[PDB]
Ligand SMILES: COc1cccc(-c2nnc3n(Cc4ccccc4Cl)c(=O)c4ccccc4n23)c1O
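So this first bit is one chain, no partners, the form deposited without the ligand, shown in structure tokens.
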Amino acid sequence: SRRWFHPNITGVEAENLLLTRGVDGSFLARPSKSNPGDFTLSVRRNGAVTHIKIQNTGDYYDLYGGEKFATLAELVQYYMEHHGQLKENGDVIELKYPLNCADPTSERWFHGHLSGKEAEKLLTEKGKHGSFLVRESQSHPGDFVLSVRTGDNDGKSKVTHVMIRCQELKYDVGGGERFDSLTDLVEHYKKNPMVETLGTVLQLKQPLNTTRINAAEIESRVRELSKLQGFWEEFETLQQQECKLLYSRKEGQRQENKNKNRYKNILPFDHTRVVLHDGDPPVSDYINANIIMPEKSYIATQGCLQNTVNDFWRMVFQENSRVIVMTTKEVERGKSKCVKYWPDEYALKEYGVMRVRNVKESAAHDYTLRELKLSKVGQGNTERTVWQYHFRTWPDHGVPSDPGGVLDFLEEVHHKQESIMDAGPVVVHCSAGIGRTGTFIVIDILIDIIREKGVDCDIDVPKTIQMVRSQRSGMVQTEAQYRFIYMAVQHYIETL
């Protein structure tokens, strides 16, 4: 569960919630009201409430007096499973009891102010057996309507509406149990379905999809998402689903692999990590990288450390990658983001058993292309060209104001990859390998659908992102990037 996240509470409401309904060790997370784009962890300790800032400019969640994390769920799990780690003066803050949110605003199935006719239209056109939604009742204010489609324009399927009464701060379907929130009600009737008098089982199988759009209508959806904004509601609804992606990251936590990570808590999932087989004959199989498969593949990786440069080249070699996309400068804000893992132009360098020649560098407005020759030492016939695309104009914080630059870059990367017979996955990296990396990969995936299937294809931005996030933690870090993905897709369709 991710019930500890409250999307619409102020710091004052948070303070009162913890003092009146919480105990020492109670906590919640919320979006920052003082500075949008930031978050706050509000914790009760010794009868008083502490507010801890969580910053995210696009690379990771940075907790004050704490560590750097790929998601808020990974952050919460870490402190709930590793005590004495979160520090104030040096005092230890304990996250013991998540204070649960009753607000349905970020539920996939909740549609708030939506009319019964619009809901029946959506369920008829986009629905399937067990598709459901919850909307606010217009006739009886304060009440709700649960609409479910069941079946297989021939009457083989139908929509059933169930009234949800809100009586004295609790929710019920006219009889039986009375629930503290719409979520508890939905969860209960998902496990224990209501059976109609003549036998129809009202299965709440899956929330109705309202995010899948036809590509040609992107501008229309972007316009709707810009109204009071829709982008934030959709992004936060996708964020709520991150609790389902807490997969094991054991290999990255091993003592011998600790120093191979740029950020100690930003780790590759064990089930998709790139396993290195060269093996100098103790632990030579690890790199902080994951294979990203749509549904052309990618490897999403962090910026090299001085001690991981040789592992990076072994990975590029093993996977037969011919294209690298670097989305960061080596130094940003005086901080090292990626070490220079390539030789100077015309120079030849050995990185362990791998040999790399920088043949030629070409400078474009937004990027530099480096033509590299990679081979294994003592094996001349293993030589292959590796094209390194280094995007250099991405801002220090946030995203570019126009996606034109990124799109032209991605179009070039795509054409290079397509021209090379049996090229392995495209390697993509930034600093932590999750924010800018995930942003570039998601745009690439979406535009690839528009290339193949044309402008009448179906695209679903949150579905694509959830799919990439199941293969590497926190792929696409912020709301700014989420909106940038929609803007990029919109610009592409418009220039077609």
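Start at 1 with the first residue shown and count on from there. What we label the rigid core is the largest C-alpha set whose atoms superpose within 1.5 Å from one form to the other.
Query raised in the report: Is 74 to 82 or 192 to 200 the stretch whose C-alphas end up farther from this model in 5 other deposited structures of this protein after a rigid core fit?
Result: Stretch with the higher C-alpha RMS distance in 5 other deposited structures of this protein: 192 to 200.
Report task. Output the stretch, either 36 to 44 or 435 to 443, that has more C-alpha displacement from this form in 5 other deposited structures of this protein following superposition by the rigid core. Result -> Stretch with the higher C-alpha RMS distance in 5 other deposited structures of this protein: 36 to 44.
Query raised in the report: Any chance residue 140 is unbuilt in a third or more of the other entries we compared?
Result: Yes, residue 140 lacks coordinates in at least a third of the other entries compared.
Requested in this report: Indicate yes or no: is residue 170 absent from the model in at least a third of the other PDB entries of this protein that were compared?
Outcome: Residue 170: modelled in all of the comparison entries.
Query - Unmodelled stretch of the deposited sequence separating residue 281 from residue 282, binned as none, 1 to 3, 4 to 9 or 10 or more - result: In the record, 1 to 3 residues between residue 281 and residue 282 lack coordinates.
**Report entry** Between neighbours residue 296 and residue 295, residues that the deposited sequence lists but the model omits
**Finding:** The entry has a long gap there, with 10 or more residues left out between residue 295 and residue 296.
Query raised in the report: Looking at the deposited entry, does 14 to 22 or 481 to 489 carry the larger mean Cα B-factor?
Result: Here the higher of the two C-alpha B-factor means belongs to 14 to 22.
Query raised in the report: Averaged over C-alpha atoms, is the B-factor higher for 366 to 374 or for 98 to 106 in this PDB entry?
Result: The deposited B-factors put 98 to 106 ahead on the C-alpha mean.
Query raised in the report: Which one, 141, 343, 425, 404, has the peak C-alpha temperature factor per the PDB entry?
Result: Across 141, 343, 425, 404, the entry lists the biggest C-alpha B-factor for 141.
Requested in this report: From the list 270, 332, 361, 136, select the residue with the highest C-alpha B factor recorded in the entry.
Outcome: Comparing C-alpha B-factors across 270, 332, 361, 136, the top value belongs to 136.
**Report entry** Record-listed C-alpha B factor of residue 200: chain third
**Finding:** CA B-factor rank for residue 200: highest third.
Query raised in the report: Lowest, middle or highest third: where is residue 31 by Cα B-factor in its chain?
Result: Middle third, going by the recorded CA B-factors of the chain.
Query - Among modelled residues of the same chain, the CA temperature factor third for residue 350 - result: According to the entry, residue 350 has a C-alpha B-factor in the chain's lowest third.
Query raised in the report: Considering only modelled residues of the same chain, in which third does the CA B-factor of residue 183 rank: lowest, middle or highest?
Result: Middle third - that is where residue 183 ends up once the chain's C-alpha B-factors are sorted.
**Report entry** Record-listed C-alpha B factor of residue 288: chain third
**Finding:** Ranked within chain, residue 288 CA B lands in the lowest tercile.
There is also a form deposited with the ligand bound; it is not shown, and the following applies to it.
Query - residue 97 within 4.5 Å of the ligand in the deposited complex, heavy atoms - result: Residue 97: no contact with the ligand in the deposited complex.
Query raised in the report: Using 4.5 Å between non-hydrogen atoms, is residue 364 touching the ligand in the deposited complex?
Result: No, residue 364 sits far enough from the ligand in the deposited complex that none of its heavy atoms falls within 4.5 Å.
Query raised in the report: Looking at the partner-bound form in the deposited complex, is residue 379 within 4.5 Å of the ligand by any heavy atom?
Result: Residue 379: no contact with the ligand in the deposited complex.
Report task. Examine residue 249 and determine whether its closest non-hydrogen atom to the ligand in the deposited complex is within 4.5 angstroms. Result -> Because a heavy atom of residue 249 falls inside 4.5 Å of the ligand in the deposited complex, the answer is yes.
Report task. Report yes if all three of 147, 157 and 204 come within 4.5 Å of the ligand in the deposited complex by some heavy atom, otherwise no. Result -> Verified in the deposited complex; spot residues all out of contact, no.
Query raised in the report: For the chain seen here without its partner, which of 73 to 81, 336 to 344, 302 to 310, 169 to 177 has a heavy atom within 4.5 Å of the ligand in the deposited complex?
Result: Answer to the contact question: 73 to 81.
Query raised in the report: Considering the ligand in the deposited complex, which of 185, 386, 267, 287 comes within 4.5 Å of it through any heavy atom?
Result: By the 4.5 Å criterion, the partner-contacting residue is 267.
Query raised in the report: Which of 214, 320, 253, 368 has a heavy atom within 4.5 Å of the ligand in the deposited complex?
Result: The residue from 214, 320, 253, 368 that makes the contact is 253.
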